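Novice: Handing you a structure now.
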Amino acid sequence: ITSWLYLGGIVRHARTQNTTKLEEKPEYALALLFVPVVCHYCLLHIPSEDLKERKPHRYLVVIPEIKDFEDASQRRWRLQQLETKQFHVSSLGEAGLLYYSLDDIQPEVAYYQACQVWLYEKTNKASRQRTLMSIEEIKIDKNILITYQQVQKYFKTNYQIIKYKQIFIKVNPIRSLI
DNA sequence: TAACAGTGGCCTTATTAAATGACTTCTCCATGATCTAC
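Residue 260 in the entry's author numbering sits at position 90 of the first sequence, and the numbers go up by one each step.
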């Protein structure tokens, strides 16, 4: 298999393309084929540069840790509700929590979920393709989810500045930092 | 040897709390089709 199937499954040494390649069983190859359906994609905004002066290009991939097929399926189909402007974040943790923002908290059930956020970013301006730069593991509990839900409810939402044939989505730095 | 040990009234009035411009520049790609040599 190659990096398009397994993210990060790069061939380090191009002169050994035949041998030094990640190998998987056919069933796991089919699973890796179906990977992109579940994982969700967020855009990372660097606050050092102004939003207007350059549009975002960094991509965050939220890969959840599966506890049950039904649970993750329901979570993804529920995440289908979110507006597109919510997927623009200014921190990896914001995206990780946003994946689980719609989750219903049960007081009688011990809530625990985990996910990984993968950052894809061009090394230079003329880079042809994005490169995996960092992987962040996020573990969320009931208190973290409740606090993030309150923060989302009470803090200002993402503004949608609309200019000529471009929709510049201005993120909330306070929400991302918190 | 004594009796005093200051009685008053004020404790800043204005005014201005920055003016500019810069907010990185390069490069290091990965992978498969094809060319080619043994």
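Note that beta-carbon positions come from the ideal geometry of N, C-alpha and C, so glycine has one too.
(1) Grouping DSSP H, G and I as helix and E and B as strand, with all else coil, what is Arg298?
(2) Could you tell me if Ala265 is buried or exposed, where buried requires 16 or more neighbouring beta carbons within 10 angstroms of its beta carbon?
(3) State the CB to CB distance for the pair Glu307 and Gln286, rounded to an integer number of angstroms; the pair is presumed to be in contact (CB under 8 Å).
(4) Residue range of the beta strand (DSSP E) that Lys292 falls in?
(5) From which residue to which residue does the beta strand (DSSP E) around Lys312 run?
(6) Less than 9 Å between the C-beta atoms of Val231 and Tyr290, yes or no?
(7) Between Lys222 and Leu302, what straight-line distance do the alpha-carbon atoms span, to the nearest angstrom?
(8) Report buried or exposed for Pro343, applying the criterion of at least 16 other Cβ atoms within 10 angstroms of its Cβ.
(9) Ends of the beta strand (DSSP E) at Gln330?
(10) Using DSSP with H/G/I as helix, E/B as strand and the rest coil, what is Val181?
(11) Could you check which residue in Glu197, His210, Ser260, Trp247 has the C-alpha nearest to that of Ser218?
(12) In this structure, does DSSP put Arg224 in helix, strand or coil?
Specialist: Once the coordinates are examined:
(1) Walking along the first sequence from the start, residue 298 turns up at place 128. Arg298 falls in the coil class under three-state DSSP.
(2) Locating residue 265 in the first sequence gives position 95, counting from the first residue. Classification of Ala265: buried, given that the 10 Å Cβ count is 16 or more.
(3) Against the first sequence, residue 307 aligns to sequence position 137. Against the first sequence, residue 286 aligns to sequence position 116. Indeed, because the Cβ distance is near 5 Å, the residues count as touching under 8 Å.
(4) As a working mapping, residue 292 is identified with position 122 in the first sequence. Taken as a continuous stretch (DSSP letters only), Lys292 belongs to no beta strand (DSSP E), as it is neither H nor E.
(5) Residue mapping note: residue 312 aligns to position 142 of the first sequence, counting from 1. Unbroken run through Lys312 is the alpha helix (DSSP H), 312-324; no beta strand (DSSP E).
(6) Within the first sequence, numbered from 1, the residue matching residue 231 stands at position 61. Within the first sequence, numbered from 1, the residue matching residue 290 stands at position 120. Going by C-beta atoms, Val231 is nearer than 9 Å to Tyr290.
(7) Counted from its first residue, the first sequence places residue 222 at position 52. Counted from its first residue, the first sequence places residue 302 at position 132. Looking at the two C-alpha atoms, the distance is approximately 25 Å.
(8) Here the question's residue 343 lines up with position 173 in the first sequence. Answer is exposed; the Cβ neighbour count stays below 16.
(9) Within the first sequence, the letter at position 160 stands for residue 330. Note, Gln330: beta strand (DSSP E), 329-333.
(10) Counting from 1 along the first sequence, the entry for residue 181 is found at position 11. Correct three-state label for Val181: coil.
(11) Within the first sequence, residue 218 is the residue found at index 48, counting from 1. Selected option, being the one with the closest Cα: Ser260.
(12) By 1-based counting over the first sequence, the position of residue 224 is 54. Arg224 falls in the coil class under three-state DSSP.
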